[PDB]
Structures are given as structure tokens and as C-alpha cells.
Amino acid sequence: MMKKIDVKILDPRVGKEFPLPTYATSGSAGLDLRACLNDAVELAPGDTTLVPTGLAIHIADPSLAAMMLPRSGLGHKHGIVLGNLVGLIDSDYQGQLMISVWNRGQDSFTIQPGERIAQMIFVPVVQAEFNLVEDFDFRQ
């Protein structure tokens, strides 16, 4: 399923020195986000740092949201994941997309400018209206 989404470039390196996010294949679920940084950031074991993307999106349709996730190789092999675990992007959010990078592992890690550091999917979402009722119709 395809959707055109408005994007505003906030840093002039985005789309040039720091490529715009892209799907690798026609069958890819997510697209990689790149770190928009002036210099490398050394991230010690256990620490968190806020990484800018240099861009803003406006999903606009309230039936859609985005989720930011770790990349599997970074997470598994290096312990480089998200400090908020999963990032939820609202349809009406127009600010810069930010990435909370958390080193959950035991080795220091260098986050490099332009590096694909996380990924993002767009999923349909449903807004619930609660209907209060008295009765309906936690090894493993």
C-alpha cells in the first residue's frame, strides 16, 4: 500500500550528504533513518543520546501512524536500540523526528554522521471510543 507523505528538510545536508530515508526493496516494510550529526558521538555502555534526523514529516491522515524501531543487527550484535524502545509518531506531529539512541550493551559505540541507525514503518491505526459496560458479552 502506498501513501505520499509531506516532508520538510530542516538541515540542508539531508537529501545530499545524509541521504533521505529510502526503502531498499519493493518488499521492505521499513525505511532506515540516518543520524544528522556534525561529528561522531561516542555512546558509552548504558547511556542514551538524542539523535536528530534533520527532517520533519506530516502524516496528516489520522488513520495512519509511524513506529520507529531498532535495526536488528545493531540491536542484536551491538546493543544499539531506542531509549524509548519503540517510537510512536502521531499523524498531526510536525516537529523534527528525533531518535533516542540507547546503548544497552557492554561496549562503547560510535554513532557516525549519516549512519543508518534506526528504522521506521507506517501502520494503519484505529482510534477507540470507550463504551462503558457493567459486563462483557498474568516458565510460560
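The first residue of the shown sequence is 1; numbering continues from there. Basically, rigid core = biggest C-alpha set you can superpose within 1.5 Å across the two forms.
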Please work out whether 122 to 130 or 13 to 21 has the higher root mean square C-alpha deviation in 6 other deposited structures of this protein relative to the shown form, with the rigid core as fitting region? 13 to 21
Zero if continuous, otherwise a range: how many residues of the deposited sequence are missing coordinates between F138 and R139 (none, 1 to 3, 4 to 9, 10 or more)? 4 to 9
So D137 and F138 are neighbours in the shown sequence, but is anything from the deposited sequence left out between them? Give the count as none, 1 to 3, 4 to 9, or 10 or more. 4 to 9
Selected stretch [higher average CA B-factor]: 84 to 92 or 30 to 38: 30 to 38
Identify the stretch, either 113 to 121 or 127 to 135, whose C-alpha atoms have the larger mean B-factor according to the entry. 127 to 135
Would you mind checking where the Cα B-factor of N103 ranks among the modelled residues of its chain, as the lowest, middle or highest third? lowest
For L97, does the deposited CA B-factor place it in the lowest, middle or highest third of the chain? middle
Just say lowest, middle or highest third for the CA B-factor of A60 relative to the other modelled residues in its chain. middle
Looking at the C-alpha B-factor of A44, is it in the lowest, middle or highest third of its chain? highest
